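Undergrad:
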Amino acid sequence: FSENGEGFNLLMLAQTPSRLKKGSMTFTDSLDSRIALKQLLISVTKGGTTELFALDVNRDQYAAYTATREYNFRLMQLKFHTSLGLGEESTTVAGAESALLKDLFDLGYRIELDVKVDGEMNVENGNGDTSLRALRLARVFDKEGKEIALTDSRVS
Amino acid sequence: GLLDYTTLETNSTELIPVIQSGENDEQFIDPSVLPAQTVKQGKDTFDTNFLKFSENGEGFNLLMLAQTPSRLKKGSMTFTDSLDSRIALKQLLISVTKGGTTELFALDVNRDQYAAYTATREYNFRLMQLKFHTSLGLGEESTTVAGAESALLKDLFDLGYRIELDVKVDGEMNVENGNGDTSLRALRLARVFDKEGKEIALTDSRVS
Amino acid sequence: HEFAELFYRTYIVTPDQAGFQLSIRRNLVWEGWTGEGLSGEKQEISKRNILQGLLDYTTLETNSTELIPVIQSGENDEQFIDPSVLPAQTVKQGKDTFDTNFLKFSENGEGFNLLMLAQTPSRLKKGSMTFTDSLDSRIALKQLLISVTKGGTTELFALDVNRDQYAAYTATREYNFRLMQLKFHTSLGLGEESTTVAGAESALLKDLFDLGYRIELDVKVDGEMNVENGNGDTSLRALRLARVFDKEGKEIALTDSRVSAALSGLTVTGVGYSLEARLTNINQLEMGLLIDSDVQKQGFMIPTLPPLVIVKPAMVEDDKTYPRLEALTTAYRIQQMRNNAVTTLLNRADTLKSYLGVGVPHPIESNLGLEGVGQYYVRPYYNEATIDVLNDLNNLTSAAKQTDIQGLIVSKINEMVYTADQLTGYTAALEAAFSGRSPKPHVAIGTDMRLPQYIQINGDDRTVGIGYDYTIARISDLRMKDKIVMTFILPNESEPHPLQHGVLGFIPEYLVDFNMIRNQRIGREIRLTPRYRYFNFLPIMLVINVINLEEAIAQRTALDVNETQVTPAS
Amino acid sequence: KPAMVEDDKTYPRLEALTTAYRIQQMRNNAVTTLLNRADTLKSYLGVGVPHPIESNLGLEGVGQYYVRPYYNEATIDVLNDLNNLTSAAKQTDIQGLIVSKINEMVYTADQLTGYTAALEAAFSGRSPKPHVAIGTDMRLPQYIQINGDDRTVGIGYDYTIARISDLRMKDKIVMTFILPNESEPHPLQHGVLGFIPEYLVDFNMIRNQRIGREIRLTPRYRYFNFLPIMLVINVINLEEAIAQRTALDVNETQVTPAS
């Protein structure tokens, strides 16, 4: 996430060695209208232990870039503003089960976080940026689908 | 009212933030940074101040903030009150700081490129959307608020130079129930301009 | 009313629309693709508007077909002169950087093949040079290089001889018959201020240069060039000192004492040269200039406004306490069209003053913080001038003071409008947008009830400057009290257009009349809910503040005659 | 243009190419050449000092066979060279100030170069009065309008005022001798434009293994100079003279003690 505010040029990072042999040019190309994030890598850390969750975000419809022609005739907008849940069967990238959330998962609770990510992309130029805006623990569910407050002693 | 402009000009259907101490005071920047400003709508006398940015926390509610004693006496807030189609950012307040001295300037972002909520729905059919992304700069004579000219820019100003700022502001509003928030995404110094309108390097001795 | 009408043309909108969209076409030009910078770079290349190119000259023009010699280290060094005499020079053509030196004069050996000699790095990727390309219909020398040696010190002079009378290649009929010919027997001069390549006067000729003398060298250069396969060779035929010119242009004898002293032991030799030849291909391997287009579109929303409420008991209608509906209508019309209009005008003026500085024209698409679509047609400009009538005026005698003040104010308005036209490039945009007609700018004048009696001229021909049309506005709001606003508008059309100062977004609202119940009371209420919003398009405005008028008229005016410093003090 | 569709926005029609051609050829190159002409004459000859006829054989142009070479420049300080009676008469007096200087320079150039003799010689049976051309920006040319003085560029003279938008000639007047009756290349007009039209072509280029259609327009022309004469006038601080009071700069010329 580029919180320094300086963007990236996507047509650079993705030039393959075949294209290098093919030549060196990325400026007559055009990106398709379809842009969406594959995965959000969120780090669950507590006391120095880090777990990585490879979450497939492509299957939430708010992760799809939408065209808002308000600056130029080729910019499109990204607004993924929802909650993702980490269930008991959530698996790490290496394939192991959760460890920091193991205490709640063995108690059958479900943890979901509100994700507020914003970005922009231009097809013609390749200019674009996407920066994290707001992420936080949100609420806790039980088996019966009854909300459990964050301030409850069993989960606080 | 044909000569003076105040006899006919009155507003009584405007939402304005209102302050009352220690009971709703977490949507307002602490008064130790800026004293409260007195504004009068209708016959009610009350104080207002800029709503604060919130990044990782809960947003604000405009309806609960904009409830004036005239509306108290008429009855408690109901659910049929509706927000208008046009909502805009009036003032964006920044502080230029160098050496411990704080100078605040009120940018009149009202009437800027995209300082007005545009109809952009992705979740609800009511969610109003704002994307205020533009280069907003300070001129070579732009006087600070509360009188006089700024001192921290005295050297650049006396040389005839101009500075520019990039502003990235995002915010969402729901005209159905009064829930929404605003966040600051990026706001930094970007470029410096000469009196002849030609960009010079940021590595120049005077500019640095 | 007239006043808000001049600065904002009314635009009616259907009630259902909640906002109207303004999409404009803009034509773009930029040089090449960005291509590789690391393996490429994010395209920071300035796509600059073509109308900007109407004003400055660096937007256009490129040299992309010149057959500039290019050195390859260790391959063709022997055609170029020895780099000991002169280090490599770098010139830019498009996106390439490479080193160039003047060619060596062929004496007896094989000549040079220019086409294979002119491989820029781009052309190498472009594919190996094959002979289906043909040279320029005319070729010539760019610069001629000689070395003035006196005692051992060498000085270089880059004699720019291009566009000489006798430096253009010509056709001939011998040997081959695609052959071009270069006969160059001409007198070259070395000016009394002429500077070397490094940018300094000739030390060996400083003494000669002091007495106001010029050196003329007769030069003889010949060579051949073929336009079929680029073969060509040239040789130094004859070059020597010939004669001397003076400041007043009469030949000075070579045996004269001054000349003989100045020309002791001076030897002049030729070293190098260059050719102005361009590959006039039939399909072109060059991108020349690229033309692109973007679309920019702005949003505009029309709010709701506080309602205007009537009260009247409803079994009988009154005409004495509440008149016909005209009262509500006129109250709404004044409240809309005057108070809000003046407020938005002054707010616009102060916003421009804050953002844009004073008297400085900013380039297109650079420092915008305002509204419009005119910024893509004209450079922004804002300026203000204060008039101290008491201290600035010219009057020999009384019974002419009115003419005096009107002359000063008319001169000031002329200067403002003229400088605005000259700097903004507004009239060029007006000409470009409208084809088949060339309208002159129309200037609007808004002010209080004072100045109209002085801006209407009684006794002089000029009023706003002949060649300009005007419309005077009179208004009684105290915010305009002793103030003048100025701008450019177009009164011949009634549609949203980029060159109009402003448009009044106006949605008609129909009067509603139905019984309403306040605190369980019954009466007929006539409710008017207005909606509108004053918009702006053009970011150009001129404002003049005139003060001390009363004092100037009532108090003794006095010729501020310039006592000018002829009695020793300066 | 990508060669699988056609447009009107991303495809600017032939009109856009025509406009680009018009700009590049008609204005910018001509102005560059004129300023280069001025600079090279300045360097070769110097200010105010002519040269004998047929004293140059390698100087650009051919019309050195008829008129002595001459180049000169001058400046006007409107701030200090302005006497005013009434602020309702100031503008006319400024215009007269500029016009008189124009006239005097024209007369001086004519007298030194002997232009009238050349015009009478090269044309048999005609005695045409010289024609002066006015190249200037778009701020001045409203300041050559007065009837305050009968002389506009001087009696016995016809003139034409030309505008231009380019900023490089800010408040600069360029003057020369032309001839409006001619339409052929002759050594008495300032110069001719060798112009030959060309037509555009559109065809599929496959370069570096890419697909696209390109439209090419080949302009071919050249600017040439004949007359080695030109006069340049500069106007400085025109705005200040209007801006502040400029009353009688009355020189109090010392019938007083100590002088």
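Protein chains in written order, with full-length UniProt numbering: chain D, 297 to 452; chain C, 245 to 452; chain Y, 193 to 762; chain B, 504 to 762. Backbone N, C-alpha and C define an ideal beta-carbon position, used for all residues, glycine too.
So is residue 321 of chain D in contact with chain F if we call contact Cβ pairs under 9 angstroms?
TA: Considering every chain present, this structure includes no chain F. Its protein chains are D, C, Y and B.
Undergrad: How big is the Cα-Cα spacing for residue 199 of chain Y and residue 496 of chain Y?
TA: In a straight line, the C-alpha of residue 199 of chain Y is about 22 angstroms away from that of residue 496 of chain Y.
Undergrad: Return helix, strand or coil for residue 442 of chain Y, following the three-state DSSP convention.
TA: coil
Undergrad: Taking C-alpha atoms, which residue in C/256, C/318 and C/310 lies nearest to residue 269 of chain C?
TA: That would be C/310, whose Cα lies nearest to the Cα of residue 269 of chain C.
Undergrad: Using a Cβ-Cβ cutoff of less than 7 angstroms, which residues in the same chain neighbour residue 723 of chain B once the five nearest sequence positions on both sides are dropped?
TA: So the qualifying residues of the chain are 699 and 701.
Undergrad: Which of the three DSSP states, helix, strand or coil, is assigned to residue 305 of chain D?
TA: strand
Undergrad: Run the CB neighbour count on residue 763 of chain Y, radius 10 Å, all protein chains shown included, and call it buried at 16 or more, exposed below.
TA: The structure shown does not extend to residue 763 of chain Y, since chain Y spans only 193 to 762, so no value can be given for it.
Undergrad: Can you tell me which of the three DSSP states residue 257 of chain Y falls into?
TA: coil
Undergrad: Looking at the secondary structure, which residues open and close the alpha helix (DSSP H) in which residue 408 of chain C lies?
TA: From DSSP, residue 408 of chain C is part of no alpha helix (DSSP H) but of the beta strand (DSSP E) over 406-418.
Undergrad: Does any residue of chain Y bring its CB to less than 9 angstroms from the CB of residue 745 of chain B?
TA: yes
Undergrad: Using a C-beta to C-beta distance shorter than 7 angstroms, which residues of chain D count as neighbours of residue 358 of chain C?
TA: 366
Undergrad: Return the residue from the list B/584, B/609 and B/594 that minimises the CA-CA distance to residue 574 of chain B.
TA: B/609
Undergrad: In this structure, how does DSSP classify residue 452 of chain Y when only helix, strand and coil are distinguished?
TA: helix
Undergrad: Are the beta-carbon atoms of residue 333 of chain Y and residue 397 of chain Y separated by less than 9 angstroms?
TA: no
Undergrad: Can you name the start and end residues of the beta strand (DSSP E) that residue 525 of chain B belongs to?
TA: Under the DSSP assignment, residue 525 of chain B falls outside any beta strand (DSSP E), being part of the alpha helix (DSSP H) whose first and last residues are 517-525.
Undergrad: Determine the direct distance from the alpha carbon of residue 319 of chain Y to that of residue 325 of chain Y, and round the result to whole angstroms.
TA: 13 angstroms
Undergrad: Quick check on this structure: which residue in B/517, B/542 and B/584 has the alpha carbon closest to the alpha carbon of residue 219 of chain Y?
TA: B/517
Undergrad: Mind pulling the chain D residues with CB within less than 8 angstroms of residue 429 of chain C?
TA: Per Cβ cutoff of 8 angstroms: 301, 414, 427 and 429.
Undergrad: Within the 9 angstroms Cβ cut-off, does residue 447 of chain C reach chain D?
TA: no
Undergrad: Along the segment 323-345 of chain D, where does the CB come closer than 9 angstroms to a CB of chain B? Name the residues.
TA: Among the residues of the segment 323-345 of chain D, those with a Cβ less than 9 angstroms away from any Cβ of chain B are 324 and 326, in the order of the chain.
Undergrad: Check the Cβ of residue 711 of chain B against every Cβ in chain D and list those closer than 8 angstroms, keeping chain order.
TA: 319 and 321
Undergrad: Looking only at C-alpha atoms, which of Y/721, Y/565, Y/715 and Y/623 sits nearest to residue 732 of chain Y?
TA: It is Y/565 whose Cα lies nearest to the Cα of residue 732 of chain Y.
Undergrad: Report the option in D/433, D/390, D/368 and D/389 whose CA atom is closest to the CA atom of residue 215 of chain Y.
TA: D/368
Undergrad: Given residue 437 of chain D, which residues of its chain have a CB within under 6 angstroms of its CB, disregarding the five upstream and five downstream residues?
TA: The answer, listed in chain order, is 406.
Undergrad: Under the rule that 16 or more other beta-carbon atoms within 10 Å means buried, what is residue 377 of chain Y, buried or exposed?
TA: exposed
Undergrad: Going straight from the alpha carbon of residue 435 of chain D to that of residue 445 of chain D, what length do you get?
TA: Residue 435 of chain D and residue 445 of chain D: Cα-Cα distance of roughly 6 angstroms.
Undergrad: Just mark residue 758 of chain Y as buried or exposed, buried being the case when its beta carbon has 16 or more other beta carbons within 10 Å.
TA: exposed
Undergrad: Whole angstroms are fine: how far does the CA of residue 221 of chain Y sit from the CA of residue 338 of chain C?
TA: 37 angstroms
Undergrad: Run through the DSSP bridge pairs and tell me what residue 397 of chain Y is partnered with.
TA: None; residue 397 of chain Y has no bridge partner.
Undergrad: Closer than 7 angstroms, Cβ to Cβ, to anything on chain C: give me those residues from the segment 204-237 of chain Y, in chain order.
TA: 210
Undergrad: Here's the rule: buried if 16 or more other CB atoms are within 10 angstroms of the residue's CB, otherwise exposed. What is residue 355 of chain Y?
TA: buried
Undergrad: How about residue 685 of chain B and residue 582 of chain B: do their beta carbons lie closer than 9 angstroms?
TA: Cβ distance not < 9 angstroms, so residue 685 of chain B and residue 582 of chain B don't count as in contact.
Undergrad: Mind checking whether residue 602 of chain B and residue 655 of chain B have CB atoms under 9 angstroms apart?
TA: yes
Undergrad: I want to verify the contact list: residues of chain Y whose CB lies under 9 angstroms from the CB of residue 388 of chain C, in sequence order.
TA: For the C-beta of residue 388 of chain C, not a single chain Y residue is nearer than 9 angstroms; the gap to the nearest is close to 11 angstroms.
Undergrad: Quick check on the burial criterion: 16 or more other C-beta atoms within 10 angstroms. Buried or exposed for residue 372 of chain C?
TA: Under this definition residue 372 of chain C is a buried residue.
Undergrad: Is residue 369 of chain D close to chain Y, meaning its C-beta is less than 9 angstroms from at least one C-beta of that chain?
TA: yes
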